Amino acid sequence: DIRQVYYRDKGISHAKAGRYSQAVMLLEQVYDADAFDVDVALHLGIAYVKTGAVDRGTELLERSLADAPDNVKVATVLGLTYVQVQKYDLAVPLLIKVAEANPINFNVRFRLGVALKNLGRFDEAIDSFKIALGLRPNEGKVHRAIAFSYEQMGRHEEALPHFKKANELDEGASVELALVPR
């Protein structure tokens, strides 16, 4: 058992550090679809995704979510991976739940917004981006993405201040802060 237990621990340790090739090498040796180990599948799944074995990765992740429906971390990376591969309709349901479940995860909220915007759900997108900007008011990329969503609905007045903020955030440092106490 001991060489197998070493490989599990070392493989997980590798997945956690970004040593994905090695994480695959070790954890393939110990993975078993027949007797589920959710730690092994999550980390091997991530590892497969990051080495370009995306279909095999997502499979492990889908199987892991099915088996532990409550695992926020599995849901998260599955959701985000589908956004990455432009499977937006799959991402959206996953990310909707994660965001409600982890309401300070800004990245999730932003990506949800991006997926919703790609699908042309301009209104829902705008809703998610506002929550996002409540979390991080000075993220230029949300201001830009929400301005584009508004613009597509013809809501130009609403877009404009966001277009301007995004541009000013690019240039850097906002001059008016010079007169705002901390």
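Each residue number is its position in the shown sequence, starting from 1.
Across the two stretches, 82-90 and 68-76, the PDB entry reports the greater mean Cα temperature factor for 68-76. Taking the mean C-alpha B-factor of each stretch as recorded, 156-164 and 169-177 are not equal, and the higher mean is that of 169-177. Ranking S149, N138, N118, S128 by the C-alpha B-factor listed in the PDB entry places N138 at the top. In the deposited entry, the Cα temperature factor of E28 places it in the middle third of its chain's modelled residues. In this PDB entry, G52 carries a Cα temperature factor that places it within the highest third of its chain's modelled residues. Among the modelled residues of its chain, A41 has a C-alpha B-factor that falls in the lowest third according to the deposited record. Annotation for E62: CA B-factor lies in the middle third of the chain's modelled residues. In the deposited entry, the Cα temperature factor of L95 places it in the middle third of its chain's modelled residues.
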